[PDB]
Amino acid sequence: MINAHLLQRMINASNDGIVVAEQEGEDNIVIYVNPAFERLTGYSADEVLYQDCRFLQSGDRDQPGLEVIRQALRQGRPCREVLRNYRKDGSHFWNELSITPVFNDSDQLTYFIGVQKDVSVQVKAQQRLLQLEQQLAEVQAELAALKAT
Amino acid sequence: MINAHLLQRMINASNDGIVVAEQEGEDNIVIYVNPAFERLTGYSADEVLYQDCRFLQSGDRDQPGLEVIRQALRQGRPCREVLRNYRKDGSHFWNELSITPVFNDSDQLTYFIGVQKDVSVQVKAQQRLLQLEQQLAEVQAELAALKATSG
Ligand SMILES: Cc1cc2nc3c(=O)[nH]c(=O)nc-3n(C[C@H](O)[C@H](O)[C@H](O)COP(=O)(O)O)c2cc1C
Ligand SMILES: Cc1cc2nc3c(=O)[nH]c(=O)nc-3n(C[C@H](O)[C@H](O)[C@H](O)COP(=O)(O)O)c2cc1C
């Protein structure tokens, strides 16, 4: 019970970035990008159109989530993986990418919808957390050893 | 250059929740909710529809960000604040709410779009981080004291 322009003004208001691609060959050529995508990646919507997103891995290919995504795109199944991507200015950021296949009610053929969340904050937090836990364990072990004497 | 049901399948695929409300009086009655909202809040979409979202603050109406939102609702300007909300089962979760106004081709229109992000995970980390940092400091002090009496 809502208007189309309302749906569009919703998609503009998204925090996480959103992309829509047609599986046209081995690549997934992008036919739409929302403004949040432009803001996160720094890439202009006109720059991205009719291409595959693999360019966000500017030199950091071979991350295993890529193979996971390959399998998910082959089987027509959704997926969610964390990658290291690179903006226009080369800024490295962590990207929780969630891909959903979309079939039509008249045909079990596909469109792919991608959603990118900048987990960079969260990831740095987790890494720091693990480092600090290691440190704590270290100090506690040495204190126990000394206490033994 | 894309289809309408395509936009609908897009908004359904969102991780963060999305709500659309018409500013009707003091309340902001919601006319639409996306599935991410149902999943995050646990409330049934049919229960929420012709009501206002203030029910998510099950008594925790003393959070100050609310006043900010009130002012933002008065002047028709966007806003974003973090609140502690409560699902149907009462489980407390942290909610980054982002509100954007939407006007008609006549500048005087009343639509509000809300976006809810579940920051709970991040928040717990920070809390654990602080707590954990405390623990480390404690141990580091005691290990010094013993060594101070060993040589
Ligand atoms: C809809 C969609 C969005 C994607 N978004 C990203 C992205 O933001 N960053 C990224 O590194 N890969 C993204 N990918 C993955 C690449 O397009 C590509 O599928 C992946 O790198 C594996 O393909 P390849 O082995 O040919 O490189 C996306 C894929 C799809 C289908
Ligand atoms: C679109 C929209 C979404 C909202 N979502 C939430 C929410 O998820 N949680 C919450 O505590 N308040 C939310 N609010 C705020 C309440 O609806 C209400 O405006 C706020 O509590 C202040 O109004 P009050 O002082 O009358 O309670 C939302 C408001 C709008 C307009």
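Residues numbered from 1 in each chain as written, not as in the entry; some residues may be left out. Chains lettered and ligands numbered in written order. Heavy atoms only, no water.

A.B. asks: Explain the side chain of A:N34 to me, please; I cannot follow it from the model alone.
C.D. replies: Residue and element names in this part refer to chain A. Of note, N34 is situated in the loop between β2 (28-33) and α2 (35-41). Looking at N34, the relative accessible area reads 0%, which means it is buried. Filtering out sequence-adjacent residues up to four positions away, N34 remains in contact with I11, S14, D16, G17 and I18. (Helix = DSSP H or I, 4+ residues; strand = E, 2+ residues; numbered from the N terminus. Buried < 20%, exposed > 50% of the residue type's maximum accessible area, 1.4 Å probe, protein only. Contact = heavy atoms within 4.5 Å.)

A.B. asks: I would appreciate a short explanation of the site of ligand 1 in the present structure.
C.D. replies: Residues and elements named next belong to chain A. Taken together, 18 residues form the shell around ligand 1, and within it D52, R54, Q57, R70 and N85 come nearest. Between ligand 1 and the protein, one listed contact pairs an oxygen atom with a side-chain N or O atom of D52 at 2.3 Å. Here an oxygen atom of ligand 1 sits 3.4 Å away from a polar atom, N or O, in the side chain of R61. For ligand 1, whose free accessible area comes to 610 Å², the fraction covered by protein is 94%. For the shell around ligand 1, the per-class residue count stands at eight nonpolar, six polar and four charged. (Near = heavy atom within 4 Å. Polar contact = N/O pair within 3.5 Å; in protein donor to acceptor, adjacent residues only side chain to side chain. Areas by Shrake-Rupley, 256 points an atom, 1.4 Å probe, with all protein chains shown as cover. Nonpolar A, V, L, I, M, F, W, Y, C, P; charged D, E, K, R; others polar.)

A.B. asks: Would you mind going over the interface of chain B and chain A with me for this structure?
C.D. replies: Quoted interface sizes are often the accessible area lost when the parts come together. Listed per partner, the contact involves 42 residues of chain B and 42 residues of chain A. With both sides pooled, the region where chain B packs onto chain A buries about 3,800 Å², and carbon together with sulfur makes up 75% of that total. When the buried area of chain B at its contact with chain A is split by residue, B:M10, B:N15 and B:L143 rank highest and sum to 17% of it. Counting the contacts that link chain B with chain A gives one salt bridge. Close ionic contact of A:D105 with B:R9 constitutes a salt bridge, the shortest N to O distance being 3.6 Å. Linking chain B with chain A are one residue pair in polar contact, by the criterion used here. Those elements that place two or more of their residues in the side of chain B that touches chain A are α1 (4-12), β1 (17-24), β2 (27-33), β4 (92-102), β5 (111-118) and α5 (120-148) of chain B. At 14 residues, α5(B) tops the list of elements feeding residues into the side of chain B that touches chain A. Counted by class, the side of chain B that touches chain A contains 25 nonpolar, eight polar and nine charged residues. (Buried area = accessible area lost by both parts, 1.4 Å probe. Salt bridge = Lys/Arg side-chain N within 4 Å of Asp/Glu carboxyl O.)

A.B. asks: In this structure, what is going on with the UniProt feature "coiled-coil region" (unreviewed entry) in chain A? I would like to understand it.
C.D. replies: The feature "coiled-coil region" (unreviewed entry), as given by UniProt, occupies residues 122-149 of chain A in the numbering adopted here. Annotated as 96% helix and 0% strand, the span residues 122-149 of chain A places its first and last C-alpha atoms 41 Å apart. (UniProt positions renumbered as here; feature names shortened; annotations may be inferred.)

A.B. asks: What is the right way to read the UniProt feature "domain: PAC" (unreviewed entry) in chain B from this model?
C.D. replies: UniProt marks residues 77-131 of chain B with the feature "domain: PAC" (unreviewed entry), using the numbering shown here. The annotated region residues 77-131 of chain B carries 22% helix and 49% strand content, and the separation between its end C-alpha atoms amounts to 38 Å.

A.B. asks: Honestly, empty space enclosed by the protein in this entry has me stumped. Any pointers?
C.D. replies: To find leftover empty space, one rolls a probe the size of a water molecule over the atoms. Applying the stated criterion across every chain yields a total of one cavity of 30 Å³ or more. A volume near 60 Å³ is recorded for the largest cavity. Lining the largest cavity, in full, are A:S14, A:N15, A:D16, A:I18, A:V115, B:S14, B:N15, B:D16, B:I18 and B:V115. In terms of residue class, the lining of the largest cavity is made up of four nonpolar, four polar and two charged. (1 Å grid on protein atoms, 1.4 Å probe; cavity = no way out; pocket = protein on both sides within 12 Å on 5 of 7 lines; lining within 4 Å. Points joined across faces, edges and corners; volume = space filled by probe spheres on them.)

A.B. asks: Is there a simple way to think about the packing of aromatic side chains in this case?
C.D. replies: Applying the stated criterion across every chain yields a total of two aromatic pairs over all chains. Ring plane angle 80° and centroid distance 4.8 Å describe the contact between A:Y43 and A:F55, whose orientation is recorded as edge-to-face. Taken together, the residues span a long stretch of sequence, with A:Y43 in the loop between α2 and α3 (45-48) and A:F55 in the loop between α3 and α4 (64-75) at a distance of twelve residues. On the accessibility criterion, A:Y43 (18% relative accessible area) is buried. Considering the side-chain rings of B:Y43 and B:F55, the 4.7 Å spacing of their centres and the 85° angle between planes classify their relative orientation as edge-to-face. Of this pair, B:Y43 sits in the loop between α2 (35-41) and α3 (45-48) while B:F55 is found in the loop between α3 and α4 (65-75), placing the two residues twelve residues apart along the sequence. Take B:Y43 and B:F55: they sit in the same class, and that class is buried. Over the ring of A:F93 we find A:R87, and its NZ or CZ is 5.4 Å from the ring centre. The side chain of B:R87 reaches across the aromatic face of B:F93, ending 5.8 Å from its centre. (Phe/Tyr/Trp six-rings, centres within 6.5 Å; stacked < 30°, edge-to-face > 60°. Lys NZ or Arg CZ within 6 Å of the ring centre and 35° of its normal.)

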